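Positions of Cβ are generated from backbone atoms using ideal geometry, with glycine treated the same way; all protein chains shown enter the neighbour counts. No lab work stands behind these numbers, since they all come straight from the coordinates.
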Amino acid sequence: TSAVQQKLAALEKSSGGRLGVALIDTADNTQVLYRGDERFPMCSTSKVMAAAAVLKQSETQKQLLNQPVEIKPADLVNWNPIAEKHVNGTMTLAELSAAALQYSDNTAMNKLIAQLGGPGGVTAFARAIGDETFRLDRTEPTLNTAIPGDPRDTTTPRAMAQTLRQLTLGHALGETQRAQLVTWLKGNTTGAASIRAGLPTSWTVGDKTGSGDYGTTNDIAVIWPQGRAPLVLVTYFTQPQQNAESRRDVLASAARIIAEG
């Protein structure tokens, strides 16, 4: 019930939905949590785990990121902004990872899942790095159904914040791979209205957004304030109505509240 809690609780109450927040400050390893142990549909934020797991593979298969992967008409799903540009051609695994992370391409995510042996291979990597909460159960696009109470394709804010810190600031990946993940997250094109919109102008951000049914609107971010040790912030949001519209403003507002405490 620190000052931020009542403020985050008030934001949630004004929003009509369910808000989950987890912050980690690497300067002193303290944490702020709001519904930190409740499950939320991850939606596209799970693409970070899949991309990281492929990077882990490339620590042994050194040229793996350069491997071409055919894009067939049957591979296309519901949102394929980059993969649709390469049907009947190829994209490398690096290009598929970038398309997944920076444009939220769902065909690209499915190629990453396939490279890992299915959703259980993404969950396997989460276990290998100490995340016992993350579970990926479906491919795209069905992982976004975001049905209330459904444990499939969920994690908690606390678990995802620890994971993102290990991948981007810790040593869960090789240094080359960590740098590549950071470059990918910083190049994200879909995050301008989410966590980034609630943070000071001078802070560098890498993030992955998520969106799904029930108005589910998510963002997970690694944040470098200037003259200060980096931060990790997860903001998850979902709504009672299956048809609810996106609420990226809630994530911006949560980030601003966090950034003010």
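Numbers below:
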read-out: Candidates 211, 253, filtered to the one that is among the hydroxyl-bearing types (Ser, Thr, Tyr), under 22 Å from residue 49 (Cβ atoms) and either assigned to a strand (DSSP E or B) or in contact (Cβ under 8 Å) with a residue 24 or more places away in the chain (or both); value: 211
read-out: Flag for residue 124 being under 15 Å from the mean Cα position of the chain (by Cα) and assigned to a helix (DSSP H, G or I); value: no
read-out: So residue 90, is it free of Cβ contacts under 8 Å to residues at least 12 places away in the same chain, hydroxyl-bearing (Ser, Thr, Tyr), farther than 21 Å from residue 155 by Cβ and out of contact with any helix residue (DSSP H, G or I) (no Cβ under 8 Å at 6 or more places or on another chain); value: no
read-out: Qualifying residue in the range 55-65 (condition: touching a strand residue (DSSP E or B) at 6+ places or on another chain (Cβ under 9 Å), of a type in the set (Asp, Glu) and on the phi < 0 side of the Ramachandran plot); value: no
read-out: Failed item in (1) crowded, with 17+ Cβ neighbours inside 10 Å; (2) over 25 Å from residue 205 (Cα atoms); (3) without any contact (Cβ under 8 Å) to a residue 24 or more places away in the chain, with residue 95 passing the rest; value: (2)
read-out: Restricting the range 56-71 to residues that are assigned to a helix (DSSP H, G or I) and touching a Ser or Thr at 6+ places or on another chain (Cβ under 7 Å), the residue that is surrounded by the most Cβ atoms within 10 Å (Cβ to Cβ); value: 65
read-out: Contacts under 6 angstrom Cβ, first residue in the range 162-186 being surrounded by fewer than 21 Cβ atoms within 10 Å (Cβ to Cβ), partner in a helix (DSSP H, G or I) and hydroxyl-bearing (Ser, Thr, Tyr), 6 or more apart; value: 182/168
read-out: Residue that is nearest to the chain's Cα centre (by Cα) [pool: residues in the range 214-246 that are of a type in the set (D, E, K, R) and surrounded by 12 or more Cβ atoms within 10 Å (Cβ to Cβ)]; value: 219
read-out: Residue in the range 77-92 that is surrounded by the most Cβ atoms within 10 Å (Cβ to Cβ), counting only those that are β-branched (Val, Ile, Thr) and under 27 Å from residue 222 (Cβ atoms); value: 82
read-out: Pairs, first assigned to a strand (DSSP E or B) in the range 8-24, second small (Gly, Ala, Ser), C-beta under 8 Å, six or more apart; value: 19/254; 20/36; 21/36; 21/254; 22/36; 22/161; 23/161; 24/161
read-out: Criterion (within 21 Å of residue 134 (Cα to Cα) and either surrounded by fewer than 17 Cβ atoms within 10 Å (Cβ to Cβ) or of a type in the set (S, T, N, Q) (or both)) met by exactly one of 74, 53, 114; value: 114
read-out: Any hit, the range 127-149, residues being surrounded by fewer than 19 Cβ atoms within 10 Å (Cβ to Cβ), part of a helix (DSSP H, G or I) and among the hydroxyl-bearing types (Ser, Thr, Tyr); value: yes
read-out: Filter result for residue 18 (in contact with a strand residue (DSSP E or B) (Cβ under 9 Å, 6 or more places away or on another chain), crowded, with 19+ Cβ neighbours inside 10 Å and charged (D, E, K, R)); value: no
